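Visitor: Before I ask anything, let me first share the structure, which is written out below as structure tokens.
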Amino acid sequence: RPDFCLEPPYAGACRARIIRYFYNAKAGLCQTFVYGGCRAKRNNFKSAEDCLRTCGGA
């Protein structure tokens, strides 16, 4: 699995409330989180499908 998928979700410092997905590697699930709109890291997807396609293979 890609290393960036193992990183914790990153809201960042900005003040928007944008629902995004991250791969939760303990759960083995893509989950939602609130992204603030700046400085996104890579474990931050616009859909569950994109998250799972990227992060959701061994």
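Chain labels follow the order of the structure tokens: the first chain is A, the next B, and so on; residue numbering restarts at 1 in every chain, and ligands are counted from 1 in their shown order.
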Show which residues sit within 8 Å of residue 30 (chain A), as a count of residues only. Count only C-alpha atoms, and ignore same-chain residues fewer than 5 positions away.

Guide: 8

Visitor: Which residues are close to residue 33 (chain A), i.e. within 9 Å by only C-alpha atoms, leaving aside same-chain residues fewer than 5 positions away? Reply as an MDAnalysis selection string.

Guide: chainID A and resid 9:11 18:22 44

Visitor: With N, CA, C and O atoms retained, write the just-selected residues as a compact mmCIF listing (two decimals), in the first residue's frame.

Guide:
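Done, and the output landed in selection25.txt:
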# COMPACT_ATOMS: atom_id res chain seq x y z
N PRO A 9 -4.88 11.86 9.03
CA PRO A 9 -5.56 12.92 8.26
C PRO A 9 -5.10 14.28 8.73
O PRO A 9 -4.83 14.48 9.93
N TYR A 10 -5.07 15.22 7.81
CA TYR A 10 -4.50 16.56 8.04
C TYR A 10 -5.54 17.62 7.66
O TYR A 10 -5.77 17.91 6.48
N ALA A 11 -6.16 18.22 8.68
CA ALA A 11 -7.14 19.29 8.46
C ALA A 11 -6.46 20.57 7.95
O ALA A 11 -7.09 21.33 7.23
N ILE A 18 -14.75 21.32 4.78
CA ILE A 18 -14.87 20.57 3.53
C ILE A 18 -14.76 19.10 3.87
O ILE A 18 -13.78 18.67 4.46
N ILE A 19 -15.77 18.31 3.54
CA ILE A 19 -15.74 16.89 3.92
C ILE A 19 -14.87 16.15 2.88
O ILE A 19 -15.11 16.23 1.68
N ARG A 20 -13.85 15.45 3.37
CA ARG A 20 -12.94 14.68 2.57
C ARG A 20 -12.83 13.27 3.18
O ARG A 20 -13.32 13.00 4.28
N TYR A 21 -12.15 12.38 2.45
CA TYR A 21 -11.92 11.02 2.88
C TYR A 21 -10.43 10.79 3.13
O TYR A 21 -9.58 11.33 2.40
N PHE A 22 -10.14 9.94 4.11
CA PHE A 22 -8.78 9.48 4.34
C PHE A 22 -8.83 7.97 4.59
O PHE A 22 -9.83 7.45 5.11
N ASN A 44 -6.08 12.34 1.43
CA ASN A 44 -7.15 13.33 1.45
C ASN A 44 -7.78 13.24 0.05
O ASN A 44 -7.12 13.60 -0.95

Visitor: List every residue of chain A that DSSP, applied to the backbone of this structure, places in strand (DSSP E), and write the result as a count of residues only.

Guide: 14

Visitor: With DSSP run on the backbone, what are the alpha helix (DSSP H) residues within chain A? I'd like them as a PDB file with N, CA, C and O atoms, in the first residue's frame.

Guide:
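Now in states_15.pdb:
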ATOM      1  N   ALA A  48     -14.961   8.360  -1.476  1.00  0.00           N
ATOM      2  CA  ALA A  48     -14.582   7.058  -0.954  1.00  0.00           C
ATOM      3  C   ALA A  48     -13.959   6.202  -2.036  1.00  0.00           C
ATOM      4  O   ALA A  48     -13.004   5.461  -1.769  1.00  0.00           O
ATOM      5  N   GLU A  49     -14.503   6.235  -3.254  1.00  0.00           N
ATOM      6  CA  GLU A  49     -13.981   5.421  -4.326  1.00  0.00           C
ATOM      7  C   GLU A  49     -12.533   5.734  -4.598  1.00  0.00           C
ATOM      8  O   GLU A  49     -11.709   4.835  -4.774  1.00  0.00           O
ATOM      9  N   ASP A  50     -12.186   7.030  -4.688  1.00  0.00           N
ATOM     10  CA  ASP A  50     -10.812   7.389  -5.010  1.00  0.00           C
ATOM     11  C   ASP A  50      -9.873   6.941  -3.858  1.00  0.00           C
ATOM     12  O   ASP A  50      -8.776   6.454  -4.098  1.00  0.00           O
ATOM     13  N   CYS A  51     -10.331   7.146  -2.625  1.00  0.00           N
ATOM     14  CA  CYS A  51      -9.549   6.723  -1.475  1.00  0.00           C
ATOM     15  C   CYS A  51      -9.288   5.237  -1.504  1.00  0.00           C
ATOM     16  O   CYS A  51      -8.150   4.778  -1.289  1.00  0.00           O
ATOM     17  N   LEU A  52     -10.328   4.439  -1.739  1.00  0.00           N
ATOM     18  CA  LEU A  52     -10.187   2.989  -1.699  1.00  0.00           C
ATOM     19  C   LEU A  52      -9.349   2.503  -2.883  1.00  0.00           C
ATOM     20  O   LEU A  52      -8.544   1.563  -2.731  1.00  0.00           O
ATOM     21  N   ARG A  53      -9.554   3.067  -4.082  1.00  0.00           N
ATOM     22  CA  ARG A  53      -8.748   2.666  -5.237  1.00  0.00           C
ATOM     23  C   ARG A  53      -7.261   2.880  -4.969  1.00  0.00           C
ATOM     24  O   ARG A  53      -6.419   2.083  -5.371  1.00  0.00           O
ATOM     25  N   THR A  54      -6.938   4.006  -4.317  1.00  0.00           N
ATOM     26  CA  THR A  54      -5.561   4.347  -4.095  1.00  0.00           C
ATOM     27  C   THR A  54      -4.919   3.558  -2.954  1.00  0.00           C
ATOM     28  O   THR A  54      -3.813   3.091  -3.040  1.00  0.00           O
ATOM     29  N   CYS A  55      -5.679   3.469  -1.847  1.00  0.00           N
ATOM     30  CA  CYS A  55      -5.151   3.051  -0.553  1.00  0.00           C
ATOM     31  C   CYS A  55      -5.634   1.725  -0.031  1.00  0.00           C
ATOM     32  O   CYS A  55      -5.078   1.232   0.951  1.00  0.00           O
TER      33      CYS A  55
END

Visitor: Give me, as a PyMOL selection string, all polymer residues having an atom no more than 12 Å from residue 58 (chain A), counting only C-alpha atoms and skipping those fewer than 6 positions away in the same chain.

Guide: chain A and resi 1-3+5-6+25+28+52

Visitor: Selection from above, C-alpha atoms, as an mmCIF file, in the first residue's frame, can you write it?

Guide:
data_model
loop_
_atom_site.group_PDB
_atom_site.id
_atom_site.type_symbol
_atom_site.label_atom_id
_atom_site.label_comp_id
_atom_site.auth_asym_id
_atom_site.auth_seq_id
_atom_site.Cartn_x
_atom_site.Cartn_y
_atom_site.Cartn_z
ATOM 1 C CA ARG A 1 0.000 0.000 0.000
ATOM 2 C CA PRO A 2 1.321 3.547 -0.653
ATOM 3 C CA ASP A 3 3.127 5.005 2.322
ATOM 4 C CA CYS A 5 -2.029 6.261 2.928
ATOM 5 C CA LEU A 6 -0.632 5.485 6.409
ATOM 6 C CA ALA A 25 -4.975 2.030 8.160
ATOM 7 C CA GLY A 28 -8.741 -0.739 6.997
ATOM 8 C CA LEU A 52 -10.187 2.989 -1.699
#

Visitor: Could you check how far CA of residue 45 (chain A) sits from CA of residue 31 (chain A), in Å to one decimal?

Guide: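 Going from CA of residue 45 (chain A) over to CA of residue 31 (chain A), I get 10.0 Å.
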
Visitor: Using only C-alpha atoms, determine which residues lie at most 12 Å from residue 15 (chain A), disregarding the query and same-chain residues fewer than 6 positions distant; provide the list as a PyMOL selection string.

Guide: chain A and resi 34-39
